[PDB]
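Raw contents of my_file_5.tsv, TSV, C-alpha atoms and all ligand atoms:
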chain	number	residue	atom	x	y	z
A	66	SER	CA	-74.78	1.94	-20.81
A	67	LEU	CA	-77.49	4.38	-19.69
A	68	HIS	CA	-75.58	5.22	-16.56
A	69	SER	CA	-72.14	5.62	-18.05
A	70	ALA	CA	-73.53	8.31	-20.34
A	71	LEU	CA	-75.14	10.14	-17.38
A	72	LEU	CA	-72.01	9.65	-15.22
A	73	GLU	CA	-69.81	10.99	-17.98
A	74	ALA	CA	-72.09	13.98	-18.47
A	75	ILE	CA	-71.86	14.71	-14.75
A	76	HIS	CA	-68.06	14.58	-14.86
A	77	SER	CA	-67.92	16.97	-17.80
A	78	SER	CA	-70.78	19.32	-16.77
A	79	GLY	CA	-68.38	22.04	-15.58
A	80	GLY	CA	-70.47	22.76	-12.48
A	81	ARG	CA	-72.27	25.99	-11.76
A	82	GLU	CA	-70.12	28.05	-14.20
A	83	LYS	CA	-71.96	26.38	-17.07
A	84	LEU	CA	-75.39	27.22	-15.59
A	85	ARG	CA	-77.34	30.47	-16.10
A	86	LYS	CA	-76.34	33.37	-13.92
A	87	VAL	CA	-79.24	34.65	-11.89
B	5	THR	CA	-91.03	23.59	-20.81
B	6	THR	CA	-88.58	24.39	-18.02
B	7	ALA	CA	-87.97	22.06	-15.10
B	8	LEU	CA	-88.10	23.21	-11.49
B	9	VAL	CA	-85.83	22.16	-8.64
B	10	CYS	CA	-87.14	22.24	-5.09
B	11	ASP	CA	-84.73	21.36	-2.29
B	12	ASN	CA	-86.73	21.13	0.97
B	13	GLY	CA	-84.67	21.40	4.16
B	14	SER	CA	-85.49	21.42	7.85
B	15	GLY	CA	-84.85	25.17	8.04
B	16	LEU	CA	-84.88	26.51	4.48
B	17	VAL	CA	-86.56	25.83	1.17
B	18	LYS	CA	-84.31	26.44	-1.81
B	19	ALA	CA	-86.17	26.55	-5.07
B	20	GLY	CA	-85.75	27.68	-8.64
B	21	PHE	CA	-85.47	26.76	-12.30
B	22	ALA	CA	-83.32	23.95	-13.65
B	23	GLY	CA	-80.46	25.43	-15.63
B	24	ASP	CA	-80.02	28.40	-13.28
B	25	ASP	CA	-76.77	28.63	-11.26
B	26	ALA	CA	-78.53	29.30	-7.95
B	27	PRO	CA	-81.98	29.04	-6.39
B	28	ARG	CA	-84.01	32.20	-6.92
B	29	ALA	CA	-86.16	31.46	-3.89
B	30	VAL	CA	-84.78	30.79	-0.43
B	31	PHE	CA	-87.11	31.09	2.51
B	32	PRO	CA	-87.84	29.59	5.92
B	33	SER	CA	-89.58	26.19	5.91
B	34	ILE	CA	-92.09	27.40	8.46
B	35	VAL	CA	-95.89	27.47	8.61
B	36	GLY	CA	-97.35	29.97	11.08
B	52	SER	CA	-102.03	30.09	8.03
B	53	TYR	CA	-98.84	31.84	6.81
B	54	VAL	CA	-95.72	30.49	5.10
B	55	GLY	CA	-92.07	31.50	5.13
B	56	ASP	CA	-91.13	35.16	5.54
B	57	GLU	CA	-94.78	36.13	6.02
B	58	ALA	CA	-94.95	33.87	9.10
B	59	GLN	CA	-91.92	35.23	10.97
B	60	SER	CA	-92.81	38.89	10.60
B	61	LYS	CA	-96.28	38.02	11.97
B	62	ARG	CA	-94.98	35.80	14.80
B	63	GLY	CA	-97.30	37.22	17.48
B	65	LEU	CA	-100.35	32.01	15.09
B	66	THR	CA	-97.67	29.56	16.29
B	67	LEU	CA	-94.76	28.42	14.13
B	68	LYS	CA	-94.37	24.81	12.95
B	69	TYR	CA	-91.53	23.17	10.99
B	70	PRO	CA	-92.99	20.48	8.68
B	71	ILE	CA	-89.55	18.93	8.11
B	72	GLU	CA	-87.72	17.63	11.16
B	73	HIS	CA	-84.17	16.31	10.86
B	74	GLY	CA	-84.59	16.18	7.04
B	75	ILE	CA	-87.75	14.07	7.08
B	76	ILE	CA	-91.22	15.43	6.25
B	77	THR	CA	-93.37	14.89	9.36
B	78	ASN	CA	-96.35	17.18	8.79
B	79	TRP	CA	-97.91	16.56	5.39
B	80	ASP	CA	-100.63	19.21	5.57
B	81	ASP	CA	-98.10	21.94	6.36
B	82	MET	CA	-95.66	20.53	3.78
B	83	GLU	CA	-98.36	20.93	1.16
B	84	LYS	CA	-98.74	24.62	2.14
B	85	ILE	CA	-94.96	25.00	1.70
B	86	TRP	CA	-95.03	23.47	-1.78
B	87	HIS	CA	-98.01	25.61	-2.76
B	88	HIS	CA	-96.31	28.78	-1.54
B	89	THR	CA	-93.18	27.71	-3.47
B	90	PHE	CA	-94.98	27.22	-6.74
B	91	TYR	CA	-97.42	30.08	-6.59
B	92	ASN	CA	-96.02	32.89	-4.41
B	93	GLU	CA	-92.25	32.41	-4.73
B	94	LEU	CA	-91.68	31.08	-8.26
B	95	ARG	CA	-95.00	32.31	-9.74
B	96	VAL	CA	-95.53	29.20	-11.88
B	97	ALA	CA	-98.28	26.79	-12.88
B	98	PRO	CA	-96.92	23.46	-11.57
B	99	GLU	CA	-98.89	21.51	-14.17
B	100	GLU	CA	-96.53	22.99	-16.82
B	101	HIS	CA	-93.20	22.09	-15.17
B	102	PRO	CA	-91.41	18.84	-14.57
B	103	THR	CA	-90.33	19.08	-10.92
B	104	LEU	CA	-87.22	17.63	-9.28
B	105	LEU	CA	-87.51	17.30	-5.48
B	106	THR	CA	-84.91	16.20	-2.92
B	107	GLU	CA	-84.98	13.85	0.07
B	108	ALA	CA	-82.78	12.99	3.04
B	109	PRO	CA	-80.61	9.88	3.00
B	110	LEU	CA	-82.64	6.90	4.39
B	111	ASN	CA	-85.97	8.66	3.77
B	112	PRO	CA	-88.57	5.94	4.30
B	113	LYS	CA	-90.21	4.50	1.18
B	114	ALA	CA	-93.65	5.55	2.40
B	115	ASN	CA	-92.56	9.23	2.50
B	116	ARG	CA	-91.16	9.07	-1.00
B	117	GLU	CA	-94.47	7.65	-2.26
B	118	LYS	CA	-96.52	10.29	-0.50
B	119	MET	CA	-94.36	13.10	-1.95
B	120	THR	CA	-94.95	11.52	-5.39
B	121	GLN	CA	-98.70	11.24	-4.79
B	122	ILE	CA	-99.01	14.87	-3.66
B	123	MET	CA	-96.97	16.15	-6.66
B	124	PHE	CA	-99.03	14.31	-9.24
B	125	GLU	CA	-102.46	14.43	-7.56
B	126	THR	CA	-102.50	17.79	-5.81
B	127	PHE	CA	-100.16	19.84	-8.02
B	128	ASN	CA	-100.63	17.91	-11.26
B	129	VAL	CA	-97.02	17.99	-12.38
B	130	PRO	CA	-96.32	16.59	-15.83
B	131	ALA	CA	-93.28	14.74	-14.48
B	132	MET	CA	-91.20	14.48	-11.34
B	133	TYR	CA	-88.10	12.96	-9.75
B	134	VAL	CA	-86.75	12.60	-6.21
B	135	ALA	CA	-82.99	12.67	-5.68
B	136	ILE	CA	-80.99	12.11	-2.53
B	137	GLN	CA	-79.63	15.48	-1.28
B	138	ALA	CA	-76.04	14.38	-0.58
B	139	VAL	CA	-75.84	12.73	-3.99
B	140	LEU	CA	-76.86	15.99	-5.64
B	141	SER	CA	-74.11	17.85	-3.72
B	142	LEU	CA	-71.56	15.32	-4.98
B	143	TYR	CA	-72.78	15.87	-8.60
B	144	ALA	CA	-72.41	19.63	-8.16
B	145	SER	CA	-68.69	19.14	-7.52
B	146	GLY	CA	-68.29	17.13	-10.77
B	147	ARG	CA	-68.09	13.79	-8.89
B	148	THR	CA	-69.94	10.46	-8.94
B	149	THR	CA	-67.83	8.75	-6.27
B	150	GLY	CA	-66.94	10.36	-2.93
B	151	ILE	CA	-68.17	10.97	0.62
B	152	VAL	CA	-70.41	13.88	1.38
B	153	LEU	CA	-70.75	15.61	4.75
B	154	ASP	CA	-74.09	17.43	4.48
B	155	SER	CA	-74.90	19.58	7.47
B	156	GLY	CA	-77.89	21.95	7.46
B	157	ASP	CA	-80.21	23.41	10.10
B	158	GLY	CA	-81.67	20.19	11.43
B	159	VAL	CA	-79.51	17.20	10.59
B	160	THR	CA	-76.05	16.18	9.54
B	161	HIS	CA	-75.22	13.09	7.45
B	162	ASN	CA	-72.19	11.33	6.15
B	163	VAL	CA	-72.97	9.71	2.80
B	164	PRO	CA	-70.46	7.55	0.98
B	165	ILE	CA	-71.39	7.21	-2.66
B	166	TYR	CA	-70.24	4.75	-5.33
B	167	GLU	CA	-71.01	5.80	-8.89
B	168	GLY	CA	-74.11	7.66	-7.87
B	169	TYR	CA	-75.29	4.99	-5.39
B	170	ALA	CA	-75.39	5.95	-1.70
B	171	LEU	CA	-74.00	2.99	0.22
B	172	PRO	CA	-76.85	2.23	2.67
B	173	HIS	CA	-74.89	0.42	5.43
B	174	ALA	CA	-72.33	3.24	5.65
B	175	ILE	CA	-74.67	6.24	5.84
B	176	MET	CA	-74.49	8.01	9.24
B	177	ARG	CA	-77.07	10.36	10.66
B	178	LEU	CA	-76.21	12.81	13.40
B	179	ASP	CA	-78.92	14.99	15.01
B	180	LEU	CA	-76.60	17.94	15.46
B	181	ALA	CA	-76.82	20.84	13.04
B	182	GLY	CA	-77.30	24.59	12.67
B	183	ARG	CA	-80.28	25.14	14.98
B	184	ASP	CA	-78.50	23.26	17.77
B	185	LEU	CA	-75.48	25.50	17.27
B	186	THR	CA	-77.69	28.61	17.32
B	187	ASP	CA	-79.31	27.42	20.58
B	188	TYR	CA	-75.90	26.71	22.06
B	189	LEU	CA	-74.68	30.21	21.19
B	190	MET	CA	-77.83	31.60	22.88
B	191	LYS	CA	-76.88	29.65	26.04
B	192	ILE	CA	-73.20	30.64	26.16
B	193	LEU	CA	-73.98	34.30	25.35
B	194	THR	CA	-75.36	34.43	28.92
B	195	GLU	CA	-71.82	34.06	30.25
B	196	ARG	CA	-71.18	37.67	29.17
B	197	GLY	CA	-74.57	38.75	30.59
B	198	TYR	CA	-76.44	38.90	27.28
B	199	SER	CA	-79.96	37.51	27.22
B	200	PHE	CA	-81.54	36.09	24.15
B	201	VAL	CA	-84.69	34.08	24.83
B	202	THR	CA	-87.44	34.93	22.35
B	203	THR	CA	-87.89	33.12	19.01
B	204	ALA	CA	-87.30	36.49	17.33
B	205	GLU	CA	-84.11	36.68	19.40
B	206	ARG	CA	-83.09	33.25	18.24
B	207	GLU	CA	-83.12	34.65	14.67
B	208	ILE	CA	-80.79	37.41	15.84
B	209	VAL	CA	-78.46	34.92	17.45
B	210	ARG	CA	-78.53	32.84	14.24
B	211	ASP	CA	-77.20	35.82	12.31
B	212	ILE	CA	-74.51	36.52	14.96
B	213	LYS	CA	-73.45	32.90	14.62
B	214	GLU	CA	-73.20	33.23	10.87
B	215	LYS	CA	-71.22	36.50	11.00
B	216	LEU	CA	-68.79	35.93	13.88
B	217	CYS	CA	-68.30	32.19	14.41
B	218	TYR	CA	-65.38	30.12	13.16
B	219	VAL	CA	-63.74	26.73	13.61
B	220	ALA	CA	-60.43	26.76	15.50
B	221	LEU	CA	-57.59	24.84	13.87
B	222	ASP	CA	-56.64	23.69	17.37
B	223	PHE	CA	-59.28	24.20	20.07
B	224	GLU	CA	-57.08	24.04	23.21
B	225	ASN	CA	-54.52	26.39	21.72
B	226	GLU	CA	-57.28	28.83	20.62
B	227	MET	CA	-58.83	28.76	24.11
B	228	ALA	CA	-55.42	29.78	25.48
B	229	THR	CA	-55.11	32.64	22.98
B	230	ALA	CA	-58.57	33.85	23.93
B	231	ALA	CA	-57.79	33.78	27.67
B	232	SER	CA	-54.49	35.67	27.28
B	233	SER	CA	-55.83	38.74	25.47
B	234	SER	CA	-58.77	40.28	23.62
B	235	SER	CA	-57.27	39.76	20.13
B	236	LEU	CA	-60.02	37.29	19.10
B	237	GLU	CA	-62.95	39.52	20.07
B	238	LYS	CA	-65.50	40.75	17.57
B	239	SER	CA	-68.69	42.77	17.91
B	240	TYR	CA	-72.19	42.77	16.35
B	241	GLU	CA	-74.51	45.69	16.86
B	242	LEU	CA	-78.29	45.32	17.19
B	243	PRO	CA	-80.66	48.00	15.78
B	244	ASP	CA	-81.30	49.33	19.30
B	245	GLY	CA	-77.57	50.05	19.76
B	246	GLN	CA	-76.67	47.07	21.94
B	247	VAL	CA	-73.19	45.89	21.04
B	248	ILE	CA	-72.66	42.13	21.40
B	249	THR	CA	-68.98	41.32	21.89
B	250	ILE	CA	-67.69	37.73	22.04
B	251	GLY	CA	-64.28	36.06	22.14
B	252	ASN	CA	-63.98	32.30	22.69
B	253	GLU	CA	-67.71	31.88	22.09
B	254	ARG	CA	-66.90	32.57	18.44
B	255	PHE	CA	-65.22	29.16	18.13
B	256	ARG	CA	-66.76	27.25	21.05
B	257	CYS	CA	-70.08	27.39	19.24
B	258	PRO	CA	-69.09	25.35	16.16
B	259	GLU	CA	-66.56	23.27	18.18
B	260	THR	CA	-69.74	21.41	19.21
B	261	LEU	CA	-69.60	19.70	15.76
B	262	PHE	CA	-66.31	18.11	16.75
B	263	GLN	CA	-67.27	17.73	20.45
B	264	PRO	CA	-70.97	17.02	20.83
B	265	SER	CA	-70.55	16.64	24.62
B	266	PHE	CA	-70.79	20.51	24.61
B	267	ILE	CA	-74.57	20.09	24.23
B	268	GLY	CA	-74.96	16.86	26.22
B	269	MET	CA	-74.78	14.44	23.29
B	270	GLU	CA	-72.81	11.18	23.56
B	271	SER	CA	-72.16	10.94	19.81
B	272	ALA	CA	-68.79	11.15	18.10
B	273	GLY	CA	-68.08	14.43	16.32
B	274	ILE	CA	-68.21	14.96	12.55
B	275	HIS	CA	-64.60	14.05	11.89
B	276	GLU	CA	-65.20	10.67	13.60
B	277	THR	CA	-68.56	10.04	11.99
B	278	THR	CA	-66.78	10.70	8.63
B	279	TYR	CA	-64.10	8.14	9.53
B	280	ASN	CA	-66.61	5.61	10.86
B	281	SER	CA	-68.69	5.94	7.69
B	282	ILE	CA	-65.60	5.36	5.51
B	283	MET	CA	-64.77	2.32	7.66
B	284	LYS	CA	-68.21	0.80	6.98
B	285	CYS	CA	-67.32	0.79	3.28
B	286	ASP	CA	-65.32	-1.83	1.41
B	287	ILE	CA	-61.60	-1.28	1.88
B	288	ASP	CA	-61.19	-1.06	-1.92
B	289	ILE	CA	-63.20	2.19	-2.11
B	290	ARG	CA	-61.81	3.99	1.02
B	291	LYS	CA	-58.99	5.63	-0.90
B	292	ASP	CA	-61.28	7.40	-3.29
B	293	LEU	CA	-63.55	8.43	-0.38
B	294	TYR	CA	-60.63	9.91	1.60
B	295	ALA	CA	-59.53	11.81	-1.49
B	296	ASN	CA	-63.07	13.12	-2.30
B	297	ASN	CA	-64.62	14.41	0.98
B	298	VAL	CA	-67.22	16.94	-0.15
B	299	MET	CA	-68.69	19.43	2.31
B	300	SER	CA	-72.31	20.49	1.75
B	301	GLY	CA	-74.87	22.64	3.56
B	302	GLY	CA	-75.01	25.84	5.55
B	303	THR	CA	-73.47	24.45	8.72
B	304	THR	CA	-70.26	23.65	6.81
B	305	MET	CA	-69.73	27.37	6.04
B	306	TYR	CA	-67.70	28.21	9.22
B	307	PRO	CA	-64.32	29.65	8.28
B	308	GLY	CA	-61.55	27.18	9.14
B	309	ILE	CA	-63.79	24.08	9.00
B	310	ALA	CA	-62.08	22.59	5.94
B	311	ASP	CA	-58.60	22.90	7.46
B	312	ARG	CA	-59.81	21.50	10.78
B	313	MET	CA	-61.49	18.53	9.06
B	314	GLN	CA	-58.32	17.90	7.06
B	315	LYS	CA	-56.32	17.83	10.29
B	316	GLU	CA	-58.80	15.60	12.16
B	317	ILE	CA	-59.30	13.07	9.39
B	318	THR	CA	-55.51	12.93	8.91
B	319	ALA	CA	-55.19	12.02	12.62
B	320	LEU	CA	-57.75	9.21	12.18
B	321	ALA	CA	-56.64	7.81	8.80
B	322	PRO	CA	-53.72	5.50	7.86
B	323	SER	CA	-50.54	7.54	7.90
B	324	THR	CA	-49.92	7.41	4.12
B	325	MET	CA	-53.55	8.13	3.11
B	326	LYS	CA	-54.09	11.06	0.76
B	327	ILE	CA	-56.81	13.18	2.32
B	328	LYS	CA	-58.73	15.94	0.55
B	329	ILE	CA	-61.62	18.09	1.71
B	330	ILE	CA	-63.63	19.89	-1.00
B	331	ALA	CA	-65.58	22.80	0.36
B	332	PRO	CA	-67.04	24.86	-2.50
B	333	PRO	CA	-67.90	28.52	-1.92
B	334	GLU	CA	-71.47	27.85	-3.12
B	335	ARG	CA	-72.05	25.04	-0.59
B	336	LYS	CA	-75.07	26.60	1.13
B	337	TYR	CA	-76.81	25.73	-2.18
B	338	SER	CA	-74.87	22.67	-3.42
B	339	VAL	CA	-77.80	20.32	-3.13
B	340	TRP	CA	-79.90	22.69	-5.13
B	341	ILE	CA	-77.16	23.31	-7.75
B	342	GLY	CA	-76.65	19.57	-8.24
B	343	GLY	CA	-80.38	19.22	-8.93
B	344	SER	CA	-80.24	22.08	-11.42
B	345	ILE	CA	-77.35	20.42	-13.21
B	346	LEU	CA	-78.99	16.97	-13.17
B	347	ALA	CA	-82.41	18.14	-14.31
B	348	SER	CA	-81.00	19.95	-17.36
B	349	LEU	CA	-78.71	17.18	-18.70
B	350	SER	CA	-80.08	15.64	-21.91
B	351	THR	CA	-78.92	12.26	-20.59
B	352	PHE	CA	-81.26	12.62	-17.57
B	353	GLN	CA	-84.40	13.33	-19.57
B	354	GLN	CA	-85.52	9.71	-19.87
B	355	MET	CA	-85.40	9.31	-16.05
B	356	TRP	CA	-88.32	11.57	-15.11
B	357	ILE	CA	-91.34	9.77	-13.73
B	358	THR	CA	-94.06	10.88	-16.17
B	359	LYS	CA	-97.68	11.59	-15.35
B	360	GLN	CA	-98.61	8.73	-17.76
B	361	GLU	CA	-96.63	6.27	-15.62
B	362	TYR	CA	-98.11	7.64	-12.41
B	363	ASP	CA	-101.62	7.59	-13.97
B	364	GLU	CA	-101.22	3.85	-14.78
B	365	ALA	CA	-99.06	2.51	-11.92
B	366	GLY	CA	-99.56	4.98	-9.05
B	367	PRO	CA	-97.16	6.18	-6.31
B	368	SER	CA	-95.12	3.03	-5.90
B	369	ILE	CA	-93.62	3.64	-9.37
B	370	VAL	CA	-91.21	6.08	-7.65
B	371	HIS	CA	-89.03	3.14	-6.39
B	372	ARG	CA	-88.51	2.10	-9.98
C	401	LIG	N1	-72.09	31.45	7.10
C	401	LIG	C1	-72.61	30.56	7.95
C	401	LIG	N2	-72.03	30.17	9.09
C	401	LIG	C2	-72.59	29.26	9.92
C	401	LIG	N3	-73.78	28.66	9.70
C	401	LIG	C3	-74.45	29.01	8.59
C	401	LIG	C4	-73.91	29.98	7.64
C	401	LIG	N4	-74.79	30.15	6.63
C	401	LIG	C5	-75.83	29.35	6.91
C	401	LIG	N5	-75.63	28.67	8.07
C	401	LIG	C6	-76.55	27.72	8.71
C	401	LIG	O1	-76.97	26.67	7.83
C	401	LIG	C7	-78.30	26.31	8.17
C	401	LIG	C8	-79.12	26.31	6.88
C	401	LIG	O2	-78.45	25.43	5.94
C	401	LIG	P1	-79.19	24.50	4.90
C	401	LIG	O3	-80.11	25.31	4.04
C	401	LIG	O4	-78.12	23.65	4.31
C	401	LIG	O5	-80.08	23.57	5.93
C	401	LIG	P2	-81.51	22.89	5.59
C	401	LIG	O6	-81.44	22.16	4.25
C	401	LIG	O7	-82.55	23.93	5.87
C	401	LIG	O8	-81.54	21.81	6.82
C	401	LIG	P3	-81.22	20.21	6.86
C	401	LIG	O9	-80.28	19.81	5.78
C	401	LIG	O10	-80.54	19.99	8.19
C	401	LIG	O11	-82.60	19.59	6.75
C	401	LIG	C9	-78.76	27.26	9.28
C	401	LIG	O12	-78.56	26.68	10.57
C	401	LIG	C10	-77.84	28.43	9.12
C	401	LIG	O13	-77.72	29.19	10.30
C	402	CA	CA	-70.61	30.79	-17.39
C	403	CA	CA	-80.64	20.16	3.41
C	404	CA	CA	-63.38	-5.42	-1.85

Can the structure from this file be put into structure tokens for me?
Amino acid sequence: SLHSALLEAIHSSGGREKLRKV
Amino acid sequence: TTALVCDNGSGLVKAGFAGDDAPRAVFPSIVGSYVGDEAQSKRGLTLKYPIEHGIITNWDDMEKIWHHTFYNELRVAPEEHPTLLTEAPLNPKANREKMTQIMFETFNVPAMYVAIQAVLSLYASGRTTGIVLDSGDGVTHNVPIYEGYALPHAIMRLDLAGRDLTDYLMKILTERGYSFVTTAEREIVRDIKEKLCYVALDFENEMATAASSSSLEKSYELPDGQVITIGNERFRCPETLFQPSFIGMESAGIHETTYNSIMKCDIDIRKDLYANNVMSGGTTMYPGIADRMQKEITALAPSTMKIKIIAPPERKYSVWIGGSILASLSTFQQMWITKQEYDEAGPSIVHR
């Protein structure tokens, strides 16, 4: 479903390390 | 087309660009008109906080804060940027609508979204189920969350947070003869709090250590050369979180509100809550707070319960970071409220 895809993406986002360093 | 994330708190605005690892703009949520840092330097107009205990209560001043955020801090044209905003747990529906109306009608955003703060902090730790303790400058909440849904009967609000702790440190600093009274002086005491305070692993035992020698003393020097030295005040200040009677409140402390919140949830979820206690917000930054919470929750929970406190180093900005993550996921992109939807349906669309 919609939500399972979002949920899964949240679980595998890797947190701030995968975001752009300011 | 880059999305913006604006996390509006009682004390501080954190704002920036989705996809960044931290908010570029962090400034006081104060309107003096002047906004933010401008307003404090020119204390002399009076200062008003448009957000009280997490809830927007002054809409005219809130609008000045959002304007200052877009134009002076981030230097953007809001009409070009989808904007993700945050709200307190249990924010009334009417407030959510009015935030939506101001964003689309005053600032002309192409799209927007409002997320619950604690839920964003949970997302920032890689989780979709858990229990967040979010404690800022104006309010503390316990928010149990099941697959992204805050469980409304188990949410706890506690009007005890950073500003109360700052005020309490101002009061107990008089025991050593120091006098901090002025609003400027409150900002000084806030910084002392942040630099020197800590949570005792055991309060009674720490009190005894502090009475028996000066080994716990630390000093903070003001620009005029006054040296502020404190001992047990260092840990008495944040002890208030665990013992609100210190400031004349009847409430249970944060360990107990955490337990009580878990106990208002279905027994079949409690295990995962106990094992995923996430700490969020500036008032959870005290050294030792994670180990104290672990100890206190252990004393409250069933004896075999696995207890885990997650206290990320970035937790002054966890709400914001969760928003940044959420707003830049491809799987989130269909969940923006678009200006076309607002144009046709109006504010009440937000509850969709
Ligand atoms: N290192 C620290 N030690 C103790 N307190 C801290 C520390 N760093 C920040 N704080 C406190 O955290 C508060 C600001 O945190 P935060 O930005 O999470 O709150 P907010 O979102 O403005 O308020 P709220 O969530 O209550 O509406 C202030 O009271 C500040 O003094
Ligand atoms: Ca990286
Ligand atoms: Ca906050
Ligand atoms: Ca059940």

Enumerate residues in contact with ligand CA 404 (chain C): an atom-to-atom distance of at most 10 Å, counting all atoms listed in the file. Format the result as a ChimeraX atom specification. /B:285-290

Write out as a PyMOL selection string each polymer residue (protein, DNA or RNA) that has an atom no more than 7 Å from ligand LIG 401 (chain C), with only C-alpha atoms and all ligand atoms counted. chain B and resi 12-17+73-74+154-160+181-183+210-211+213-215+217+301-306+336-337

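A straight line drawn from CA of residue 25 in chain B to CA of residue 82 in chain A is 7.3 Å long.
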
Taking all atoms listed in the file into account, find every residue of chain A that has an atom no more than 7 Å from chain B, and write it out as a PDB file with C-alpha atoms, keeping the file's coordinate frame.
ATOM      1  CA  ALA A  70     -73.530   8.310 -20.340  1.00  0.00           C
ATOM      2  CA  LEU A  71     -75.140  10.140 -17.380  1.00  0.00           C
ATOM      3  CA  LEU A  72     -72.010   9.650 -15.220  1.00  0.00           C
ATOM      4  CA  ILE A  75     -71.860  14.710 -14.750  1.00  0.00           C
ATOM      5  CA  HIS A  76     -68.060  14.580 -14.860  1.00  0.00           C
ATOM      6  CA  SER A  78     -70.780  19.320 -16.770  1.00  0.00           C
ATOM      7  CA  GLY A  79     -68.380  22.040 -15.580  1.00  0.00           C
ATOM      8  CA  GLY A  80     -70.470  22.760 -12.480  1.00  0.00           C
ATOM      9  CA  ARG A  81     -72.270  25.990 -11.760  1.00  0.00           C
ATOM     10  CA  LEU A  84     -75.390  27.220 -15.590  1.00  0.00           C
ATOM     11  CA  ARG A  85     -77.340  30.470 -16.100  1.00  0.00           C
ATOM     12  CA  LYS A  86     -76.340  33.370 -13.920  1.00  0.00           C
ATOM     13  CA  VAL A  87     -79.240  34.650 -11.890  1.00  0.00           C
TER      14      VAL A  87
END

So how many Å separate CA of residue 199 in chain B and CA of residue 260 in chain B, to one decimal? 20.7 Å

Residues near residue 102 in chain B, cut-off 7 Å, only C-alpha atoms, skip fewer than 6 positions along chain, as a PyMOL selection string: chain B and resi 7-8+129-132

Straight-line distance linking CA of residue 125 in chain B with CA of residue 363 in chain B, stated in Å to one decimal: 9.4 Å
